[PDB]
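Residue numbers (the authors' numbering), protein chains in the order written: chain G, 1 to 57; chain I, 2 to 123, 136 to 201; chain E, 2 to 261. We put the beta carbon where it would ideally sit given N, CA and C, even for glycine.
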Amino acid sequence: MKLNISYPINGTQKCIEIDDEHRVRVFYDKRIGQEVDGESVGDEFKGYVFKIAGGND
Amino acid sequence: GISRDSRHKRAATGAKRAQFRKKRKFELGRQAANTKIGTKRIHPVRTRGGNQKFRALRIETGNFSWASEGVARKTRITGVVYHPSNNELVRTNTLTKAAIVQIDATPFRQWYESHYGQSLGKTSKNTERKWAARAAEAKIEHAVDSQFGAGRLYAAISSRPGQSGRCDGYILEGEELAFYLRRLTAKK
Amino acid sequence: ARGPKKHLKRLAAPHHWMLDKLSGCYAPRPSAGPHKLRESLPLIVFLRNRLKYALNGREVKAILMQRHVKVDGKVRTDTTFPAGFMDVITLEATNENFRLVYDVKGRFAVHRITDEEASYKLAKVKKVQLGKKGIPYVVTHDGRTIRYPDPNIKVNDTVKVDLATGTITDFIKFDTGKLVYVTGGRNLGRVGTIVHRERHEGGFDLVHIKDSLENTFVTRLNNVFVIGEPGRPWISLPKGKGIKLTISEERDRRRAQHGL
RNA sequence: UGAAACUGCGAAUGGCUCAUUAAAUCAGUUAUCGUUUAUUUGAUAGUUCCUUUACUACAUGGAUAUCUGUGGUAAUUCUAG
RNA sequence: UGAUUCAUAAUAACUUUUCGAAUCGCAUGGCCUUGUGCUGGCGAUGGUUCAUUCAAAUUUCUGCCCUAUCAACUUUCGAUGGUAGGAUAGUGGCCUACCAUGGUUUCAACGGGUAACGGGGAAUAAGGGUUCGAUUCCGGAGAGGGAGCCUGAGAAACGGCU
RNA sequence: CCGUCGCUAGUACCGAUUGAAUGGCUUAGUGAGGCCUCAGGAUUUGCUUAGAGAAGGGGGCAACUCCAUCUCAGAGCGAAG
Ligand SMILES: [Mg+2]
Ligand SMILES: [Mg+2]
Ligand SMILES: [Mg+2]
Ligand SMILES: [Mg+2]
Ligand SMILES: [Mg+2]
Ligand SMILES: [Mg+2]
Ligand SMILES: [Mg+2]
Ligand SMILES: [Mg+2]
Ligand SMILES: [Mg+2]
Ligand SMILES: [Mg+2]
Ligand SMILES: [Mg+2]
Ligand SMILES: [Mg+2]
Ligand SMILES: [Mg+2]
Ligand SMILES: [Mg+2]
């Protein structure tokens, strides 16, 4: 589904709509307040590090 | 919820007073504190007119006072020795007002060693004179001495720790003390 | 109900306002001040119904804002500030200095007082206690608390307060044969001498008081205020001078004095 | 000058209605030496130090909202980063 | 003070040491040890217990409509009192423990009914009365019912919540 | 003029239905929800001198003529939660 990605220092952030389910499947059964890698999330993100905090059902 | 209404309480005669109005806040009474002795804990409660009202919880320590000497100290409590309202407060060991307790006593001893300096249980030249001037004033009523020796002074706590927060009390002397001792003996 | 009441309905409004039964739902609730609700007088009632310097509430408010009004030295801006018995209202434009003093009937008379007298305030003694740091202080039934009063200033005495400074000029001891002014009920507004003091343990000290006409009356002690020594009152009292005539007498006075 | 928002205070007044409620409410009458009381006007705090030969003051700290941005939801005076 | 263990002031300690202006608008004075030095006005708000005022809970005394086809009731499950505690802003069986057996009643207790919220008052109107009072004022209750609580000086709030 | 027995209407009375309904009390069992309470510790940080890369990281090679220094592995000690 959608993702809600934001960079701190630059102050620049974006919509990343994800219909492909495999990509989504990285975050399943994690909890708010954890770390994530870039490469498994998608092909556009590689080398990056997400920090999982916040979401919505 | 827990109220202090005379609305309920049937009547002087007996007629069942019907529930006139839903009970008010100004009529309220809070849940009991029943402070034990096991780590120092306090929670305030915002009362009527604001006004915080410290509830002792598991209170250790408190300034228990002499009468004869006219003193009190940063002194620890040991246990609830005899509470004259209810003995359930001795099993559970819930410290309260006018419950008889045993006092750490070391602090008291130390103070005495400064005050008179003759020791209970069994330097410098002008201070000697002072010492001489003092002492042989209070001989102490035997039981108290024994308690001191033990490390466990018999007091009755007289601060209400559920209201005040502090657990300050009174070293027992004379007739009342004797009575308390007797009661304790009877119990045991 | 549920806390402090904030309105005053116009019928429930105290009668010595002399308000209209009609002309609005409410009356001005005199706010928290130095005088008791019913024994007070708000600055609306004074500047609208009595003086008529303001045609309405808004006008009164405006006047207050302008700050020509001064009730007892200080300025005031509150429409419903309870200016009570003995309070000195000075309007600086006009120079119409007033002291709030009662009429023989009971209602507050508009006493157009001089500038030299409107300067001090005579005030009663409610208490004599000591506060913190062992300092003796007197309290007045007319608002103030004054630290350090002459040791022989006891309860129910009267005290000339300098007002500007808020100190003590002088005092009168409450006793037999000393001019007294009445502030309670059926005798409210009269003036007399003091004859007796029925002691009574707890239940209200009475005072048998005769006026200039040798007409006796009785009041409770709390309802009496010591105004001077017989002949020399410390304040200028209004026309009538606390006599309070009989009804017939009053009628006669009215219908004798026809001067067109 | 000032939207917004945090702080303040207000929302316990007023208005309505008479269901309960029969020594209860209520009326006058007392008392609080039996108490709380924002507001009110009056009052008012050299002692915070902790041995006393080199120490925070002409101004101490990091947050959070507006915003701006990344959003979810079929919806709600919804609010996550 | 009618009256106190009152006001209040000392001695003794404790204290998860409250408070003790790192606050905003105008105005911009006084001495030179000539530094930008030390100093000082008109106000706002806070903040301590004591006053006061607005109030607040209780509380004294006396007073309610019909009913005996309600004569006993209260007291296991607080009734009455005591002692102690707990709680409360505080008094108090308000609650707890232990003990005593009280407490009310034909001067109608208790129960039942009210098409009863109380009073000011209203109608009638010789005197005495009789009936009515939901309703402009004062009190009291309630916010569909019953419960519980947050915030707050003040609510057991319902144009607050559970 | 009084009763019984007739006819036509209506009022109440008793009355099986294991009647039905509403409310008030109420046994036993359950028991929502808050308040306190025993813990519990998502998170937020201060102070520790705890080693940096820092280009005068305190007024000129140097424990910077080392600055609330560049700032995270500290970890200890808290406070709120
Ligand atoms: Mg207060
Ligand atoms: Mg009295
Ligand atoms: Mg109302
Ligand atoms: Mg005292
Ligand atoms: Mg008691
Ligand atoms: Mg009636
Ligand atoms: Mg009714
Ligand atoms: Mg009525
Ligand atoms: Mg009705
Ligand atoms: Mg009403
Ligand atoms: Mg309805
Ligand atoms: Mg409610
Ligand atoms: Mg509504
Ligand atoms: Mg309302």
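Should residue i be counted as a contact of ligand 3 given a C-beta to heavy atom distance under 7 angstroms?
i	result
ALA13/E	no
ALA94/E	no
What are the partner residues of residue i, as DSSP defines its beta bridges?
i	result
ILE16/G	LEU3/G
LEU123/E	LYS161/E
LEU58/I	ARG42/I
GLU199/E	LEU207/E
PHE226/E	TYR182/E
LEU246/E	DSSP lists no partner for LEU246/E.
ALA110/E	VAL102/E
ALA168/I	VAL102/I, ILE184/I
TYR27/E	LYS10/E
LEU131/E	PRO137/E
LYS71/E	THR91/E
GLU215/E	Answer is none; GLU215/E lacks a bridge partner.
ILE78/I	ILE104/I
Looking only at its own chain, which residues have a Cβ that is under 8 angstroms from the Cβ of residue i, when we skip the five neighbours before and after it?
i	result
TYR83/I	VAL91, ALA100, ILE101, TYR193, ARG196, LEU197, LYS200
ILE64/E	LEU48, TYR54, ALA55, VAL70
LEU222/E	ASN157, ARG198, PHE205, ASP206, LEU207, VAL208
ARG59/I	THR36, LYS37, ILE38, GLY39, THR40, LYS41, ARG42
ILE244/E	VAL105, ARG191, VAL192, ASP212, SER213, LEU214
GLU35/G	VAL49, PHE50, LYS51, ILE52
residue 134/I	The residue list of chain I ends a segment at 123 and starts the next at 136, so residue 134/I has no coordinates to report.
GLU28/I	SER4, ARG5, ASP6
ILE18/G	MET1, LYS2, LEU3, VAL24, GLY42
If you measure from the CB of residue i, is any heavy atom of ligand 2 nearer than 7 angstroms?
i	result
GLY203/E	yes
Just to confirm, does residue i get its C-beta within under 7 angstroms of one of the non-hydrogen atoms of ligand 1?
i	result
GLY4/E	no
Would you kindly check if the distance between the Cβ of residue j and the Cβ of residue i is under 8 angstroms?
i	j	result
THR184/E	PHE82/E	no
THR97/I	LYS37/I	no
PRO108/I	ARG74/I	yes
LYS17/I	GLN176/I	no
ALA124/E	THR146/E	no
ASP151/E	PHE175/E	no
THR62/I	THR79/I	no
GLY178/I	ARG49/I	no
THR177/E	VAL160/E	no
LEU38/E	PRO31/E	yes
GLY51/I	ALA106/I	no
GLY241/E	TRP235/E	no
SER120/E	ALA84/E	no
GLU70/I	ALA191/I	no
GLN103/I	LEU185/I	no
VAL227/E	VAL181/E	yes
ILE9/G	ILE16/G	no
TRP144/I	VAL72/I	no
Apart from the five residues on each side of it in sequence, which residues of its chain come closer than 7 angstroms, Cβ to Cβ, to residue i?
i	result
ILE114/E	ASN98, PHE99, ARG100, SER237
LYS62/E	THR80
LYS30/G	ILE52
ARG47/I	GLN53
Taking 6 angstroms as the limit between beta carbons, can you name the residues of its chain near residue i, skipping five residues before and five after?
i	result
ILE32/G	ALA53
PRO35/E	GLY144
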